[PDB]
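Scroll down for the structure; my scribbles are underneath it.
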Amino acid sequence: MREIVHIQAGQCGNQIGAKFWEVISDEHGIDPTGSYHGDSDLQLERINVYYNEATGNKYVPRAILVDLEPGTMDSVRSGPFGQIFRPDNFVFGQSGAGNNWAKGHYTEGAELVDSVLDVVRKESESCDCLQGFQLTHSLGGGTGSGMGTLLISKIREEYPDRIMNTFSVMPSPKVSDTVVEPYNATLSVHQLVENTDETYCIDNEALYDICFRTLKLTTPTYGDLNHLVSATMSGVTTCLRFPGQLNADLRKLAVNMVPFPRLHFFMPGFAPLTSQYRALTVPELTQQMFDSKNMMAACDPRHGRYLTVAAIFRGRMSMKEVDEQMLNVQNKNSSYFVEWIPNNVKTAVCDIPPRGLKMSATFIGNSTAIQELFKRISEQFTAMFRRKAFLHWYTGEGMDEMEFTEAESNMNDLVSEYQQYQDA
Amino acid sequence: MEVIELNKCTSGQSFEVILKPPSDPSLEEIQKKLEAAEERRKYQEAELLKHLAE
Amino acid sequence: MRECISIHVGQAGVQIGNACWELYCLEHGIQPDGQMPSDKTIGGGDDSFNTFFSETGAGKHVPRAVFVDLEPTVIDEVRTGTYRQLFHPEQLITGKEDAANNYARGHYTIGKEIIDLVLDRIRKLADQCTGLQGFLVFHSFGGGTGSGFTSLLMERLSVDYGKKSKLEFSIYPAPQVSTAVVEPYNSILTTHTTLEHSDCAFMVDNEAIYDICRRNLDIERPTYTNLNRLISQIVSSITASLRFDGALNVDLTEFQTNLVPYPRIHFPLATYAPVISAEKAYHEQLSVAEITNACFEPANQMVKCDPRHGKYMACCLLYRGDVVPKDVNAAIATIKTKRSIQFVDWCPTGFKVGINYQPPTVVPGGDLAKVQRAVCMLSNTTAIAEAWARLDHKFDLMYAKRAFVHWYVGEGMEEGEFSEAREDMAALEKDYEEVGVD
Amino acid sequence: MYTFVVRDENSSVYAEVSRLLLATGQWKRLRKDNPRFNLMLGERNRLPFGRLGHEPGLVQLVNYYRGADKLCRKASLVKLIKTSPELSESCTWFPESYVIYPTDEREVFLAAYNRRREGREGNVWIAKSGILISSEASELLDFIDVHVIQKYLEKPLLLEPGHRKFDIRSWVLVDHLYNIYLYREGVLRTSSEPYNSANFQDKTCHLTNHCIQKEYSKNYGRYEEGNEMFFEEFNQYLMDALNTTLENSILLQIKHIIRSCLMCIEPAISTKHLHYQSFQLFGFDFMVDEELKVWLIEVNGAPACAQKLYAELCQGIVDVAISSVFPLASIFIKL
Ligand SMILES: Nc1nc2c(ncn2[C@@H]2O[C@H](COP(=O)(O)OP(=O)(O)OP(=O)(O)O)[C@@H](O)[C@H]2O)c(=O)[nH]1
Ligand SMILES: Nc1ncnc2c1ncn2[C@@H]1O[C@H](COP(=O)(O)OP(=O)(O)CP(=O)(O)O)[C@@H](O)[C@H]1O
Ligand SMILES: Nc1nc2c(ncn2[C@@H]2O[C@H](COP(=O)(O)OP(=O)(O)O)[C@@H](O)[C@H]2O)c(=O)[nH]1
Ligand SMILES: [Ca+2]
Ligand SMILES: [Mg+2]
Ligand SMILES: [Mg+2]
Ligand SMILES: [Mg+2]
């Protein structure tokens, strides 16, 4: 029994976090009341990874809900599966973070962080053998970005030998709330490079384009965007939630996916893209899961090379055909896979498909093309920082310009490091 | 091709056929290695906690 | 009679051990109960099967075996499985957190905390032995536990049991069923540390068994269950001489004497025949000549390589079933005139042959069909160095970029151990070429 | 879409082969270190055969037979013929040869030498491994200080006009099924200088190889382009001068020798039930005496081709050796 402690911070973090728990509770057969009503023991064999057991056989999500304002968490509690969460695990303030990394990380978040760590400690003490943490948050706001990375640092201090994993939503001018999002993102990336083991880069730019171009949604809402995220989060955590051989835990996944400590930012993918009654063939699942249009990071994988790849197929299908198709795409595009990491593509197959689908495939790639994401943020950062625009919001919270310079330099370092292994 | 040393029992038999003739670390040292690696882990962790302290 | 203790390390080691002991019970007529309605000496004895099985006063026959794993779920299936009554709880050792496919984590970090426990449990089995002759260790190359903890265990066993022999059954990593990218690292790290502690090691390439299952058992997508039941048949063929009345390989020492002239070169190639599907409606039983000729086909070997472009140092033929010496010699004579077989100059061109009249035992409802005769050939050929060459090449590709190295360093291992291990493998390859190539 | 790699940039034959493969638009060239290939155009020395056929989902083929070097080295060829019961001492198409190491068959050498010493027979021998032709055995061993001393054919078939000796090169392709394919086009490497049975120092009339002729002969290119006579002209010559054909007088023996050598080594190098497949192009060199008898002198494992014949032969390699294993969307005689 290797438990994971889930944490969701800020507006975005709690919105996608709530939908994540809605999806996987349905997959594990848990109702909004915490009662199990499934018809398969595969649903319960590893349910302790994300759920605690209560008397009366109630299953409670090992989840901690954090925000600097009560708004979104009030909506979550009033939501569909709002009752399933432990009331004590709702930690919130009143001030808000005003889309300001400094407020989340240094001032407002500093006042609340200890009460969150108290809940984290209480959950960890109940774990038979805690394997690590997963955090859901955005990098463009204040609470998820600033207080989220503050939490990560504090958690690493108390649990230095545990795996830290994040689902991090990257900001985009296409789907933007504030002009200071590149500032918050750059400051956050600096933290993630040092203090996480695995980070799934979820690009709001990619999510919008998928809703627009593919799902034919004329006016995508955040709800439409979060549908893609929750589906992606379900697929990527499948190997953790169900009996399997490959990447069955956070540490084994990190060992397979991270050849160099700083290069741990993953480009997720999903197929089929759903917003349909005919099922996809195994060849079709394979072609689409590797297609750029099914990627969630808005980076062209043909503009780089794959260091490591994890693939997860769900549903009843021929594992022989899965092996053949996975070998096919590798042998057909071998140039896009680094040759100094032999057999760097790993495939897992789970028998239980996601809701509404008979077959699905989830893609996890460590590609050097992810540098395009950081380059994008870096340009938007510099465009403002060269004129010190909107800096007063941060210096007013006690920050100095030097901290911005350091964050910028370290992200540019990360970019050049990817380029280094792309040419190697 | 010579058959030699034929041994027979109720369970089976065995023989040899020839086609052609010919033409450390102590318990203490192990402990040292394990402890040396452990202190290296302790040092790396101490450096981390120092970095986080700053 | 001299007792043998089997040690099963990690997932591969444990699950293969499961398949083997199941087969052993079937071969010796032992029920999952532990009772053996043919052993007339109730509550003890010194028969050939007592080498692997101890006896209680209640007539239970208990395997002289220890199962070790740093994660409990695999051994938990042994605790609740068909042969749960067979094993004593003290024989089943489990940790809470595995080695995460990391040699250094299994060897240094977690190994240091559990090694004394395992040795103490091994000590208890040894205390029941009147004359322990040594150990049989089962593990994978690619796993963190199978590679890391085994090498530490082998080191300590040499200290605590200096006069005893140690044989290995090692699973060589294959991408078609592999679960880690760093398995080349783990394989070479564990080979370097274990090399001087193993007297004889039988490598089994997962690639070979996988293809044999597809080709000969018509299994589209072989599982570990399919693989392990085939491996258990080969392991049984090798250990049969320790468990039944005979005069060839009757003790662990004789394995080294018969198969290993040079200490470092202790990796004999196993070749098995025939492998026939149980679903095969119509099958013609293969003769002694046909199954013996099959022993010289790469498709039937446990490790894909070409013995034609190497040299033999020793060769043992282990037959089970309807086989007489006359038919063996007649088969060998014909094969010698049609195949490329070359022994080294300082060794006799010959075969040590062992025959057990009992045909191979198959698991009821398994994939393997019953045959009237089968054979396992153990040959020490330099051609098996092809496996080292493959493994070392993958090592070199990743290590040149220092890929994944930080995971090992982070567990307290020095980076120099990598190059040290690699240098030892380079020397090993050179030894094979010296012995095998003109 | 098939894939291949090139690991011998100095190979003229397979540089053309790789060009043709790309021209089909169905073959893709990978980096020389990329292991995910269907076809390997390997290196001449220390080819990693042990790393072949271990790539799941890939049928892998290599342009060399492992162990074929026994036939393609002078020292090993001698030992192969003398010790193989399929060839044996009773091999009438291979000249008397002995393996002589520098500082062994020295004793048997001098014994059969004395058979010609005081027996009044031509005792001219040639040393090969830098070639010395001498009638003095003591002089040969002086030059050697692994070599092989072979009986020099003192009575070769001489082309007229010019009194010219020559050697015949045949190209042989063995596919993955061990089919023996003799290229219907061969070539005669001729000496453009008159044959002298007394001046062995003048090796330009005794050594028929192309490079030496171009370097030391002032009559290079006089009788034919680059001292290369092809089968059409040579056959016509045999008809006009000796009242016979190339097929009857020479090719029958050549076909016999080729099959004998390759069938002998087949069980040692066949990839019939191997996890990877092999093919290889061989270069057989022959000598013809006055009695129209064919002698084998050596086998080349990595032969070049005649400039005129490169296009046809290389296309034939793609057709029967490569495309036979990897089908796309005769110039050979099957022996
Ligand atoms: N033949 C066979 N191979 C196996 C089996 N289980 C695992 N393997 C192989 O062993 C390697 C993985 O090592 P494991 O034994 O699973 O690892 P472990 O020893 O449990 O060590 P950790 O889990 O890393 O602590 C892979 O190459 C697998 O293909 C099995 O039951 N049979
Ligand atoms: N026993 C013999 N009798 C007569 N001539 C001989 C001979 N052995 C060799 N020669 C001549 O010597 C020449 C070169 O012989 P050899 O085959 O050893 O050189 P080589 O291997 O470099 C030619 P290639 O490599 O292009 O096939 C041949 O062209 C042949 O005419
Ligand atoms: N995909 C997705 N992105 C969101 C959502 N809500 C906010 N964002 C993005 O997150 C950033 C705003 O951060 P937010 O989470 O609102 O700030 P916080 O509440 O202070 O953490 C902007 O880049 C938004 O585009 C959501 O529900 N889904
Ligand atoms: Ca008894
Ligand atoms: Mg907001
Ligand atoms: Mg394990
Ligand atoms: Mg030559």
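Chains as they are written, first to last, in PDB author numbering: chain B, 1 to 42, 45 to 277, 282 to 360, 369 to 438; chain E, 6 to 28, 44 to 74; chain A, 1 to 438; chain F, 1 to 103, 126 to 151, 159 to 174, 179 to 362, 373 to 378.
Note that CB positions come from ideal geometry on N, CA and C, so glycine has one too.
- Around the CB of B/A303, 16 or more other CB atoms lie within 10 Å, so the residue is classed as buried.
- F/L87 and F/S293 have their C-alpha atoms spaced approximately 8 Å apart.
- For F/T103, the closest C-alpha among the options F/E193, F/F172, F/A68 and F/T3 is that of F/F172.
- Assignment of A/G410 by DSSP, reduced to helix, strand and coil, places it in the coil class.
- For B/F92, the pairing in a beta bridge is given by DSSP as B/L67.
- DSSP assignment within the region 274-343 of chain F yields the following whole alpha helix (DSSP H) runs of 4 residues or more, N-terminal first: 285-302.
- Contact check for B/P270 and B/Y210: beta-carbon distance about 16 Å, past the 8 Å limit, so the pair fails to qualify.
- Counting C-beta pairs closer than 8 Å gives fewer than three between the region 265-278 of chain F and the region 13-30 of chain F, which falls short of the contact rule.
- With the criterion CB distance below 6 Å from any heavy atom of ligand 5, the matching residues run B/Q11, B/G143 and B/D179 along the chain.
- In terms of beta-carbon proximity, E/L72 stays away from the interface with chain A, with every pair separated by 8 Å or more.
- As summarised for the region 229-267 of chain F, the continuous beta strand (DSSP E) elements at least 3 residues long and confined to that stretch are 261-263, given in chain order.
- One thing to note: B/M295 has its Cβ within 8 Å of the Cβ of B/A375.
- Close to chain B, meaning a Cβ-Cβ distance shorter than 9 Å, is no residue of the region 297-310 of chain A at all.
- Taking the beta carbon of F/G57 as reference, the chain B residues within 9 Å of it are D329, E330, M332, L333, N334, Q336 and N337, listed in sequence order.
- Residue burial annotation: A/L252 is buried, with at least 16 other C-beta atoms found within 10 angstroms of its C-beta.
- With respect to the C-alpha of A/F296, the residue from A/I42, A/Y272 and A/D76 having the closest C-alpha is A/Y272.
- For B/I384, no beta strand (DSSP E) run applies, since DSSP gives it neither H nor E.
- By the rule that beta-carbons nearer than 8 Å mark a contact, E/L69 touches chain B.
- Sequence-distant partners of F/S282 (beyond 5 residues in either direction) whose C-beta falls short of 8 Å from its own C-beta, in its chain, are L271, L275 and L325.
- For A/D438, the number of other beta carbons within 10 angstroms of its own is below 16, and it is reported as exposed.
- Taken through DSSP and simplified to helix, strand or coil, B/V177 comes out as strand.
- When the alpha-carbon of A/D205 is set against those of A/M302, A/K352 and A/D211, the nearest one is in A/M302.
- Under a criterion of Cβ atoms nearer than 9 Å, no residue of chain B is adjacent to F/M40; the nearest Cβ is some 14 Å distant.
- As DSSP reads the structure, B/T240 sits in no beta bridge.
- For F/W93, the secondary structure class from DSSP, reduced to helix, strand or coil, is coil.
- The C-beta distance from A/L391 to B/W346 rounds to 16 Å, too long to meet the 8 Å contact threshold.
- With respect to the C-alpha of B/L265, the residue from B/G73, B/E431, B/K19 and B/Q8 having the closest C-alpha is B/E431.
- Ligand 2 never approaches F/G195 closely enough for any of its heavy atoms to be under 7 Å from the residue's Cβ.
- Screening all residues for a C-beta within a distance smaller than 6 Å of any heavy atom in ligand 4 leaves A/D39, A/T41, A/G44, A/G45 and A/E55, in chain order.
- In this structure, the CA atom of A/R121 is about 7 Å from the CA atom of A/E90.
- Boundaries of the alpha helix (DSSP H) harbouring B/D437: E415 to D437, taken from the DSSP string.
- F/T278 and A/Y432 have their alpha carbons spaced roughly 53 Å apart.
- With contact defined as three or more Cβ pairs closer than 8 Å, the region 307-319 of chain B and the region 211-222 of chain B are not in contact.
- Here A/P173 is buried: its Cβ has 16 or more other Cβ atoms, across all protein chains shown, within 10 Å.
- Within the region 344-406 of chain A, the runs of beta strand (DSSP E) at least 3 residues long that lie entirely inside it are, in chain order, 349-356 and 373-381.
- Buried is the label assigned to A/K394, since at least 16 other Cβ atoms lie within 10 Å of its Cβ.
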